[PDB]
Amino acid sequence: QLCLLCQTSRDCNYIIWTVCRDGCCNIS
């Protein structure tokens with residue numbers, strides 16, 4: 001999995017990274 005800095009549920013607009021967690025971004 002991943003954990004890229006995110007703000008909302010989908011503040012990344014990425015392909016393999018749309019599932020944002022606690023201030024994070026991932027695929028699932």
# chains A, B, ... in the order shown; residues from 1 in each chain; ligands from 1
$ residues_around --residues "residue 2 of chain A" --least-positions-apart "2" --cutoff "12 Å" --atoms "only C-alpha atoms" --output "list in words"
residues 4, 5, 6, 16, 17, 18, 19, 20, 21, 22, 23, 24, 25, 26, 27 and 28 of chain A
$ write_last_selection --atoms "N, CA, C and O atoms" --output "PDB file, in the first residue's frame"
ATOM      1  N   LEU A   4       0.657   8.662   0.719  1.00  0.00           N
ATOM      2  CA  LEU A   4       1.080   9.984   0.269  1.00  0.00           C
ATOM      3  C   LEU A   4       0.237  11.071   0.925  1.00  0.00           C
ATOM      4  O   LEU A   4      -0.969  10.911   1.099  1.00  0.00           O
ATOM      5  N   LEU A   5       0.878  12.177   1.292  1.00  0.00           N
ATOM      6  CA  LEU A   5       0.184  13.290   1.937  1.00  0.00           C
ATOM      7  C   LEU A   5      -1.081  13.674   1.171  1.00  0.00           C
ATOM      8  O   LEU A   5      -1.018  14.083   0.012  1.00  0.00           O
ATOM      9  N   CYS A   6      -2.230  13.541   1.831  1.00  0.00           N
ATOM     10  CA  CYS A   6      -3.509  13.877   1.216  1.00  0.00           C
ATOM     11  C   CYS A   6      -4.325  14.790   2.126  1.00  0.00           C
ATOM     12  O   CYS A   6      -4.091  14.847   3.333  1.00  0.00           O
ATOM     13  N   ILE A  16      -3.408   5.212  -9.673  1.00  0.00           N
ATOM     14  CA  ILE A  16      -3.248   4.115  -8.724  1.00  0.00           C
ATOM     15  C   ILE A  16      -3.263   4.612  -7.277  1.00  0.00           C
ATOM     16  O   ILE A  16      -2.835   3.903  -6.368  1.00  0.00           O
ATOM     17  N   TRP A  17      -3.757   5.829  -7.068  1.00  0.00           N
ATOM     18  CA  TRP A  17      -3.823   6.406  -5.730  1.00  0.00           C
ATOM     19  C   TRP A  17      -5.012   7.354  -5.608  1.00  0.00           C
ATOM     20  O   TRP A  17      -4.887   8.557  -5.843  1.00  0.00           O
ATOM     21  N   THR A  18      -6.167   6.805  -5.247  1.00  0.00           N
ATOM     22  CA  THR A  18      -7.382   7.603  -5.101  1.00  0.00           C
ATOM     23  C   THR A  18      -8.005   7.438  -3.714  1.00  0.00           C
ATOM     24  O   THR A  18      -8.863   8.226  -3.317  1.00  0.00           O
ATOM     25  N   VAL A  19      -7.572   6.417  -2.979  1.00  0.00           N
ATOM     26  CA  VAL A  19      -8.095   6.166  -1.642  1.00  0.00           C
ATOM     27  C   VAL A  19      -7.266   6.898  -0.596  1.00  0.00           C
ATOM     28  O   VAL A  19      -6.204   6.426  -0.190  1.00  0.00           O
ATOM     29  N   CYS A  20      -7.751   8.057  -0.169  1.00  0.00           N
ATOM     30  CA  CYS A  20      -7.043   8.854   0.821  1.00  0.00           C
ATOM     31  C   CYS A  20      -7.467   8.488   2.238  1.00  0.00           C
ATOM     32  O   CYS A  20      -8.655   8.460   2.557  1.00  0.00           O
ATOM     33  N   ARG A  21      -6.480   8.226   3.086  1.00  0.00           N
ATOM     34  CA  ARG A  21      -6.733   7.882   4.477  1.00  0.00           C
ATOM     35  C   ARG A  21      -6.429   9.085   5.362  1.00  0.00           C
ATOM     36  O   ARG A  21      -6.417  10.217   4.882  1.00  0.00           O
ATOM     37  N   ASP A  22      -6.176   8.844   6.645  1.00  0.00           N
ATOM     38  CA  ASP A  22      -5.867   9.928   7.571  1.00  0.00           C
ATOM     39  C   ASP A  22      -4.732  10.794   7.031  1.00  0.00           C
ATOM     40  O   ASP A  22      -3.561  10.559   7.329  1.00  0.00           O
ATOM     41  N   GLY A  23      -5.089  11.791   6.226  1.00  0.00           N
ATOM     42  CA  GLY A  23      -4.094  12.670   5.645  1.00  0.00           C
ATOM     43  C   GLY A  23      -3.119  11.927   4.752  1.00  0.00           C
ATOM     44  O   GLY A  23      -1.983  12.365   4.564  1.00  0.00           O
ATOM     45  N   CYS A  24      -3.557  10.795   4.203  1.00  0.00           N
ATOM     46  CA  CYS A  24      -2.704   9.992   3.332  1.00  0.00           C
ATOM     47  C   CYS A  24      -3.413   9.634   2.026  1.00  0.00           C
ATOM     48  O   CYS A  24      -4.621   9.817   1.891  1.00  0.00           O
ATOM     49  N   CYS A  25      -2.639   9.126   1.069  1.00  0.00           N
ATOM     50  CA  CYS A  25      -3.163   8.735  -0.238  1.00  0.00           C
ATOM     51  C   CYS A  25      -2.685   7.334  -0.605  1.00  0.00           C
ATOM     52  O   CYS A  25      -1.508   7.009  -0.445  1.00  0.00           O
ATOM     53  N   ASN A  26      -3.601   6.506  -1.096  1.00  0.00           N
ATOM     54  CA  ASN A  26      -3.264   5.141  -1.483  1.00  0.00           C
ATOM     55  C   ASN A  26      -4.302   4.570  -2.442  1.00  0.00           C
ATOM     56  O   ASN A  26      -5.324   5.199  -2.715  1.00  0.00           O
ATOM     57  N   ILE A  27      -4.032   3.371  -2.950  1.00  0.00           N
ATOM     58  CA  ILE A  27      -4.939   2.712  -3.880  1.00  0.00           C
ATOM     59  C   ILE A  27      -6.099   2.050  -3.140  1.00  0.00           C
ATOM     60  O   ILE A  27      -7.215   1.979  -3.653  1.00  0.00           O
ATOM     61  N   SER A  28      -5.824   1.564  -1.934  1.00  0.00           N
ATOM     62  CA  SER A  28      -6.845   0.907  -1.125  1.00  0.00           C
ATOM     63  C   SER A  28      -6.629   1.190   0.359  1.00  0.00           C
ATOM     64  O   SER A  28      -7.153   2.214   0.847  1.00  0.00           O
TER      65      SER A  28
END
$ select_by_dssp --residues "chain A" --states "strand (DSSP E or B)" --output "ChimeraX atom specification"
/A:19-21,24-26
